[PDB]
Amino acid sequence: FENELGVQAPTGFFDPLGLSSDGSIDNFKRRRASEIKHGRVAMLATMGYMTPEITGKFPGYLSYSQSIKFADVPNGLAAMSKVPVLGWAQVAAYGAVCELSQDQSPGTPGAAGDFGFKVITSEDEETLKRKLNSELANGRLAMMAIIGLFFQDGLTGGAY
Amino acid sequence: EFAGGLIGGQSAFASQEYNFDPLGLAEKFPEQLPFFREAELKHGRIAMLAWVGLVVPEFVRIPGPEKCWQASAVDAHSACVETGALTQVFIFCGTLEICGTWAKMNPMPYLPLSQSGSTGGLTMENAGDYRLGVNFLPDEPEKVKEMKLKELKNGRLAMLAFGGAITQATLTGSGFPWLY
Amino acid sequence: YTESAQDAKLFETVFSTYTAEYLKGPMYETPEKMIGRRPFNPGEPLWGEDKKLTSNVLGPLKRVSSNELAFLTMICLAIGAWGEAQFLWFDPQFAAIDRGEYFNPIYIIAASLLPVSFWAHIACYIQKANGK
Amino acid sequence: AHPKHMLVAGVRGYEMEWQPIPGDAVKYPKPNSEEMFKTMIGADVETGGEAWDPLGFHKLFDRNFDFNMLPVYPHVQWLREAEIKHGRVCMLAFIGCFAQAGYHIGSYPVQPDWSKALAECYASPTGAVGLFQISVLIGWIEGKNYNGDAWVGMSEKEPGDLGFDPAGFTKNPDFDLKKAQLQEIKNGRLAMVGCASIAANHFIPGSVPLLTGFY
Ligand code: CLA
Ligand SMILES: CC(=O)O[C@H]1CC(C)(C)C(=C=C/C(C)=C/C=C/C(C)=C/C=C/C=C(C)/C=C/C=C(C)/C=C/[C@@]23O[C@]2(C)C[C@@H](O)CC3(C)C)[C@](C)(O)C1
Ligand code: KC1
Ligand SMILES: CC1=C(C#C/C(C)=C/C=C/C(C)=C/C=C/C=C(C)/C=C/C=C(C)/C=C/[C@@]23O[C@]2(C)C[C@@H](O)CC3(C)C)C(C)(C)C[C@H](O)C1
Ligand SMILES: CC1=C(C#C/C(C)=C/C=C/C(C)=C/C=C/C=C(C)/C=C/C=C(C)/C=C/[C@@]23O[C@]2(C)C[C@@H](O)CC3(C)C)C(C)(C)C[C@H](O)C1
């Protein structure tokens, strides 16, 4: 399996044991959807780890009923136990309307990261290649940095 | 076509019309569309008058029972309901609304829509047409369409303007400039 | 030709079958067939030969898509469950009445949406089964 | 015979019908049941290598045609679907009963006892939201895999065939899926027996002589 937007500059078909059968195109398509979704979520999560620190936490409350404030929710893994769980349920609802609105069954465009977002799309198939591989490489670096920040918060006891 | 050929979807730039309906209510409810335009034009007219009535009293106020008239916009309404001014305004507006809209809309105005249904009196053509001041219309269809578009644009602008004005006045107070 | 009794029964069967298949069409014009009595409403057949409900059974929202109805019913279910829970158990409103203060209108308005969610999800499945 | 209309249930010439869901076409079920039972996964050595169904619960759908020509009793396909679902739910329930007593995850009230955790999480303001999320997720994954039509033996899907197989199973040339299905079914029955034992111990102490100190 080559040409599938996965081989980059400092690396090739990086599989110490990945793609164990070196086939099973259905498994590989599922893994492609998995990796692209993981990368997008990670990029967002690292983004949201480094936004509150470099740009002060939101000015509002985030909970008028529970008297919580944005400036009172700690940044990092501790926020999961501070954000009101109705808020996490609403985040789950947004994830649902973001996952179940458009189908992502195998074969469908949803199974290839094609959720019709565009906005930062391009025009030429080579420019398409550039944008897609940029997104994928940034997502891999994201995943790495996001689990790194997870462990930094877990061990150091704070955001950094 | 889009929205049954109603006026209001025109964009400012060119023949590339706006046709703003992200949720697609016009396509989902084409037979309820005259009602939608009736509501839109009514809200726009009420909002024009409401923004003008938020601005003007900051300049000149009628002499009255001194509790409703000598008050700010945000706290006017309660005192005016108490003074008996807004109750007479409600009598006037209710008579106008019942007769005009409830008879142009319901073929049996002596019956609620649960019993009459129908609601065929509101056609697409006579949506905002209450036959009031129709002699002031230009005598050509193109400028009639342009004037209707002007009314709709100013009505939407007045809706948003009144919403912002009342929200800022509640937040801050002040007069015509509702800034902090 | 010495018509048989079985031939007479055959003619009776033919007459009954022809009448039955003929009175259905617009050539009998009886009060039963008037719109809102027995027929299926002109342009809105509710179900076909197979007893599968068509999108016409939804009425005004006969063209609201399945995804939109699913979102509508899920939001209504969530809001109604929140209102019901906040009215009955969490911050009970009857106990608030016992405190001398009025109800919270938000809870009642929210809890009003549960049967909305019920009929909305039924309509959502009707739309999904019709490909809408 | 009787005309095309006026045909309901016991009238001669009435083809059996099955349309419980408003929005789905009418389905006409054949008896089957016994025919599907004769070629059905299960029936291992523990009961003599034959399909152990005393009381004839798999034959009642065939007897529906004799009782009232109505789908009152489930098809054997529905019985296998229910057995699979019960087995999976009981596996999870057994693991949960023996994991809640030692582990705690969320902001739920601390209740190691399994018989009280459900109610105490109902009462929790920050437990009701979580249980609502669990309920909506279960409802989604249950209505998506509605089966339901297995009640009359036409499910178009083998029992317990939700859209869930992250590993390479059901696709590898090896790993005979018949043995995996038999293992799943038998472990599910075992987990159901275990859950029944847990309930009996909770109600009648000393019933199962291995969970005497258990909740
Ligand atoms: C309610 C759960 C349930 C369901 C629907 C089924 C369904 C089925 N089983 Mg099954 N089974 C179960 C639980 C269940 N099983 C449990 C817990 C065990 C362990 C003892 C078994 C052991 C078992 C064997 C060994 C065999 C089957 C077989 C079958 C199939 C034909 C039998 C039939 O029609 O019974 C369906 C109808 C019922 C099960 C009715 C159950 C209601 C009764 C009245 C409850 C009484 C129990 C009561 C609580 C006392 C507890 C006793 C204690 C041991 C727990 C069918 C698919 C046969 C097969 O695979 O055929 C190919 C077969 O050989 N089952
Ligand atoms: C027979 C007979 O009788 O003939 C009749 C027939 C008929 C048809 C009735 C007639 C008519 C027409 C009428 C009555 C037309 C009146 C139209 C009005 C009053 C329009 C007001 C718009 C105000 C707007 C857009 C406000 C906009 C405000 C904005 C954008 C404000 C915006 C901000 O406030 C906000 C939102 C925040 C503030 O802090 C700052 C600023 C920027 C100022 C006749 C011809 O006359 C007579
Ligand atoms: C990335 C977004 C996200 C975060 C950050 C997040 C976090 C938490 N989720 Mg959550 N979640 C989703 C999204 C997210 N969840 C999605 C898409 C689903 C559907 C698959 C889902 C499902 C459930 C369920 C079923 C439960 C649940 C809860 C908690 C919980 C504990 C709170 C606490 O104990 O205070 C925390 C911190 C459990 C709970 O205890 O709620 C009272 C509960 O039962 N979640
Ligand atoms: C933002 C925010 C939050 C958040 C968040 C979220 C959602 C964070 C998300 C984190 C996320 C998404 C973490 C997963 C990463 C995926 C990984 C690590 C995959 C690795 C996979 C690897 C390393 C595999 C590499 C392989 O080499 C192997 C092994 C075999 C090779 O042949 C093939 C390849 C190259 C593939 C909180 C926590 C909710 C609160 C906070 O306050 C605000
Ligand atoms: C104050 C007071 C009272 C009162 C009151 C009243 C009347 C309160 C009224 C409040 C009111 C009327 C509040 C409006 C909000 C408008 C909103 C949110 C519009 C958003 C509109 C948005 C966000 C539009 C965005 C876009 O347009 C953009 C920017 C470009 C377009 O291309 C696309 C769209 C259209 C999406 C009482 C009760 C009478 C008595 C009491 O004693 C005192």
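Backbone-built Cβ (ideal geometry, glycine too); neighbour counts: all protein chains shown. Every read-out reported here was derived from the displayed coordinates using simple, explicitly stated rules and does not represent laboratory data.
As an exercise, identify the GluC sites (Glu not before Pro) in region C:1-109 lying in DSSP coil whose Cβ has no more than 16 other Cβ atoms within 10 Å.
Hits after loop and neighbour filter: C:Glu3, C:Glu29, C:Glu49, C:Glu101.
Taking chain B as a Gaussian network, where each spring joins two C-alpha atoms under 10 Å apart, which residue of B:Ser15, B:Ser78, B:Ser118 fluctuates the most?
In the Gaussian network model the winner is B:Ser15.
So what is the diffusion coefficient of the protein assembly as shown in µm² per second by Stokes-Einstein at 10 °C and 1.306 mPa s, using a Kirkwood Rh over Cα pairs?
D = 48 µm²/s.
Per-residue mean of other chain beta-carbon atoms within 10 angstrom of the beta-carbon, peptide C:58-65?
2
Which trypsin sites (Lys or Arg not before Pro) from region B:50-104 combine a DSSP loop assignment with at most 15 other Cβ atoms within 10 Å?
Listed in order of number, the matching sites are B:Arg61, B:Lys67.
From Cα pairs below 8 angstrom and at least 6 apart in sequence, can you work out the relative contact order of chain A, rounded to a whole percent?
Once divided by the residue count of chain A, the mean separation gives 33 percent.
Can you pull out the GluC sites (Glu not before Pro) in region A:53-160 that DSSP calls coil and that have at most 10 other Cβ atoms within 10 Å?
For GluC sites (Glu not before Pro) across region A:53-160 that sit outside H, G, I, E and B with at most 10 neighbouring Cβ atoms in 10 Å, the list reads A:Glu123.
Taking H placed 1.01 Å from N in the peptide plane, check which residues at least 5 places from A:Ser63 or on another chain put their amide H under 5 Å from its amide H.
It is A:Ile68, by chain and number.
Could you work out how far apart the two model spin labels at A:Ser20 and D:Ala101 are, taking each label as a point 7 Å from the Cα in the direction of the beta carbon, and quote it in nm?
3.4 nm
What FRET efficiency, computed as 1/(1 + (r/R0)^6) with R0 = 35 Å and r the Cβ-Cβ distance, is obtained for D:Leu55 and D:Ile134, rounded to the nearest 0.05?
Computed FRET efficiency for D:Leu55 and D:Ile134: 0.50.
What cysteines in chain B have no other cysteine with a beta carbon less than 4.7 Å from their beta carbon?
B:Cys93, B:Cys99
Let me confirm one metric for peptide D:124-133, namely the mean number of other chain beta-carbon atoms within 10 Å of its residues' beta-carbons.
Mean inter-chain Cβ contacts per residue within 10 Å come to 5.
Once label points are set 7 Å from the Cα along Cα→Cβ at both A:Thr55 and A:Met80, what is their separation, rounded to one decimal in nm?
2.6 nm
For C:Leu53, list long-range residues whose amide hydrogen, built 1.01 Å from N in the peptide plane, is under 5 Å from its own amide hydrogen.
It is D:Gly23, D:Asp24, by chain and number.
What is the magnitude of the charge dipole of the protein assembly as shown about its Cα centre, with +1 placed on the Cβ of each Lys and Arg, -1 on the Cβ of each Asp and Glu, and no other charges, expressed in debye to the nearest 20?
The calculated dipole for the protein assembly as shown is roughly 900 debye.
Counting only helical runs of four or more DSSP H residues, what would the 222 nm mean residue ellipticity of chain D come to if each run contributes -39,500 (n - 2.57) and the total is spread over all its residues?
Computed ellipticity for chain D at 222 nm equals -14500 deg cm²/dmol.
Using the Cβ atoms and a cut-off under 12 Å, what net charge is assigned to the surroundings of A:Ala78, where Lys and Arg are +1 and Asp and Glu are -1?
Computed value for this residue: -1.
Can you check what the net charge comes to around C:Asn41, using other residues whose Cβ is under 13 Å from the Cβ of C:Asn41 (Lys, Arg +1; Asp, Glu -1)?
+3
Enumerate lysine pairs in region A:49-136 that are 8 or more residues apart or on different chains, then count those whose Cα atoms are under 24 Å apart.
5
Using Cα pairs under 8 angstrom and six or more residues apart, how large is the relative contact order of chain C, in percent?
Reported as a whole number, the value is 25 percent.
Charges only on Cβ, +1 for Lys and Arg, -1 for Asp and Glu: so what's the dipole of chain C about the Cα centre, in debye to the nearest 20?
Dipole size: approximately 280 debye.
Positive end of the dipole of the protein assembly as shown, charges at C-beta (+1 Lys, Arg; -1 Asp, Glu), about the Cα centre: which of D:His86, A:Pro74, A:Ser34 has its Cα farthest in that direction?
After comparing all options, I get A:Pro74.
Suppose every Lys and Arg Cβ carries +1 and every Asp and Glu Cβ carries -1, with no other charges. What dipole size does region B:61-180 come out with about its Cα centre, to the nearest 20 debye?
120 debye
Highest mean first, how do B:136-145, D:122-131, B:83-92 rank when packing is the count of other Cβ atoms within 10 Å averaged over residues?
Going by the mean number of other Cβ atoms within 10 Å, highest first, we get D:122-131, B:83-92, B:136-145.
Treat each spin label as a single point 7 Å out from the Cα along the C-beta direction, and report the B:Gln32 to C:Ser65 distance in nm.
Simple spin-label model gives 1.8 nm for this pair.
Kindly express, to the nearest 10 degrees and within the range 0 to 90, the angle between helix D:76-100's C-alpha long axis and the longest C-alpha principal axis of chain D.
With rounding to tens, the tilt is 0 degrees.
Would you calculate, for chain B, the mean residue ellipticity at 222 nm contributed by helices, counting each DSSP H stretch of 4 or more residues as -39,500 (n - 2.57) and dividing by all residues, to the nearest 500?
Counting only the DSSP helices, I get -17000 deg cm²/dmol.
May I ask you to list, by number, the DSSP H helices of chain B whose Cα span along the axis is at least 24 Å and whose average Kyte-Doolittle hydropathy reaches 0.0 or more?
Answer set is B:33-55, B:85-105.
Peptide A:86-93: average number of partner chain Cβ atoms within 10 Å per residue?
Average neighbour count from other chains, rounded to a whole number: 4.
Between helix A:85-99 and chain A, what is the angle of the helix's C-alpha long axis to the longest principal axis, kept within 0 to 90° and rounded to the nearest 10?
20 degrees
Along region C:105-115, what does the Karplus equation 6.51 cos²θ - 1.76 cosθ + 1.60 (θ = phi - 60°) give for ³J(HN,Hα), rounded to whole Hz, x for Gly and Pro?
Karplus-based 3J(HN,Hα) across region C:105-115 equals x, 4, 5, 5, 4, 5, 5, 5, 8, 6, x Hz.
Within 10 Å, count the other beta carbons around each residue, average over each peptide in D:78-88, D:136-146, and list them highest first.
D:78-88, D:136-146
What does the helix-only formula give at 222 nm for chain A: each DSSP H stretch with n ≥ 4 adding -39500 (n - 2.57), the total divided by the residues, and the result rounded to the nearest 500 deg cm²/dmol?
-17000 deg cm²/dmol
Looking at region C:1-103, what % of the alpha carbon pairs are farther apart than 17 Å?
76 percent
Mind checking which of A:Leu128, D:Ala150, B:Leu111 is farthest towards the positive end of the protein assembly as shown's charge dipole, using Cβ charges of +1 (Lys, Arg) and -1 (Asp, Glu) about the Cα centre?
Towards the positive end, the residue furthest out is B:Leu111.
Tell me which of B:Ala85, B:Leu179, B:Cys99 sits at the most positive position along the dipole axis of region B:45-180, charges placed on C-beta atoms (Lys, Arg +1; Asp, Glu -1).
Positive-end residue among those listed: B:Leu179.
Can you give the extra length, in nm with one decimal, that the chain gains between D:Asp113 and D:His202 once fully stretched, where that is 0.36 nm per residue apart less the Cα-Cα distance?
Full extension of this stretch gives 31.0 nm more.
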